[PDB]
Amino acid sequence: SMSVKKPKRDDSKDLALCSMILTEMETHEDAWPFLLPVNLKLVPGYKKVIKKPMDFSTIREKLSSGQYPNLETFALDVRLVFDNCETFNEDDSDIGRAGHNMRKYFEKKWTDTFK
């Protein structure tokens, strides 16, 4: 509260560390469904159903231009990518399975790096 603060958690490396995690996600062999925005002209249903599209290239641009106020807003966009994938894709599809694998991969890096 006013003039009463918890001790300062060192956040000065968060930008660099989110950038490393994002690099690792970009280079994973199962990243291919997520590298670029889904083409809203060519994928029937996507525009109406997926209210907030997100992809790795869009996160990378946001990260590079100061559009994440903190490391939690970065994690929310990464999870958005996988939540969107689960909304649109069957679990038993190549893309469905890719999204499960990537979410697992991310959440381990996240815990190991920050928790």
Side-chain angles (χ1 to χ4, degrees), residues 1-7 9-12 14-114:
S1 77
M2 199 185 329
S3 313
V4 180
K5 284 304 141 353
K6 291 207 190 55
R9 190 215 157 240
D10 181 8
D11 67 349
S12 57
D14 289 354
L15 182 67
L17 290 156
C18 289
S19 175
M20 291 173 58
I21 296 172
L22 181 55
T23 298
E24 297 161 6
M25 281 194 306
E26 288 162 340
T27 61
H28 192 297
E29 67 161 279
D30 304 340
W32 57 264
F34 313 113
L35 296 178
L36 300 180
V38 170
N39 184 330
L40 296 181
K41 298 175 199 287
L42 305 180
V43 179
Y46 207 85
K47 193 170 201 297
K48 182 63 179 273
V49 170
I50 302 295
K51 306 304 179 175
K52 292 181 64 179
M54 186 55 55
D55 68 284
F56 298 167
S57 78
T58 298
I59 299 172
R60 173 63 76 189
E61 183 60 39
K62 284 179 67 167
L63 191 66
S64 288
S65 60
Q67 292 186 69
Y68 294 115
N70 57 60
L71 84 169
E72 301 301 337
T73 58
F74 165 83
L76 285 173
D77 264 354
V78 177
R79 293 165 180 147
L80 176 61
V81 174
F82 308 129
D83 292 348
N84 289 344
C85 180
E86 277 197 51
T87 293
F88 209 80
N89 293 269
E90 282 288 346
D91 297 340
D92 189 6
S93 61
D94 295 277
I95 289 170
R97 279 188 285 285
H100 287 295
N101 288 353
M102 293 304 311
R103 182 194 298 273
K104 189 83 179 168
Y105 189 71
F106 170 69
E107 288 307 344
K108 172 90 155 63
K109 304 273 190 181
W110 190 254
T111 294
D112 295 354
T113 301
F114 293 117

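The first residue of the sequence shown is numbered 1, and numbering continues consecutively from there. Excluded from the calculations below are hydrogen atoms, water molecules and symmetry mates; all remaining heavy atoms, backbone and side chain alike, are included.
Between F74 and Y68, the angle of the ring planes goes over 60°, which puts this pair in the perpendicular group of the 30/60° scheme. Classified by interplanar angle (parallel below 30°, tilted 30° to 60°, perpendicular above 60°), the ring pair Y105/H28 is perpendicular.
Looking at every heavy atom in both residues, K62 comes nearest to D77 through NZ-OD2, 2.8 Å. Minimum heavy-atom separation, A75 to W110: CB-CZ2, 3.7 Å.
Side-chain atoms of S93 come within 3.5 Å of backbone N or O of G96 as a donor-acceptor pair. Not a single donor-acceptor pair under 3.5 Å links the side chain of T111 to the backbone N or O of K108. Between the side chain of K47 and the backbone N or O of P44, no donor-acceptor pair lies under 3.5 Å.
From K104, atom NZ reaches atom NE2 of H100 across 12.0 Å, with rounding to the nearest 0.5 Å. To the nearest 0.5 Å, the span separating CZ on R60 from CG on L35 amounts to 11.5 Å. Summarising the geometry, atom CG belonging to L63 is positioned 5.0 Å from atom CG belonging to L15; distances are rounded to the nearest 0.5 Å. The distance from the CG atom of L80 to the CG atom of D55 is 10.0 Å, given to the nearest 0.5 Å. Rounded to the nearest 0.5 angstrom, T87 OG1 and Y46 OH are separated by 8.0 Å.
Side-chain contact check for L71 versus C18: some heavy-atom pair is nearer than 4.5 Å.
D91 has no carboxylate O lying under 4.0 Å from a charged side-chain N of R97, or vice versa, which leaves the two without a salt bridge. Using a cutoff of 4.0 Å between basic side-chain nitrogens and carboxylate oxygens, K52 and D83 are not scored as salt-bridged.
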Exercise. Might you work through the side-chain contact (heavy atoms from CB on, under 4.5 Å) test for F114 and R9, ending with a clear yes or no?
Key: CA-CA 11 Å; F114 293 117; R9 190 215 157 240; 3.6 Å; yes
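Considering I21, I59, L22 in turn, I59 is the only one that fulfils the side-chain contact (heavy atoms from CB on, under 4.5 Å) rule with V78.
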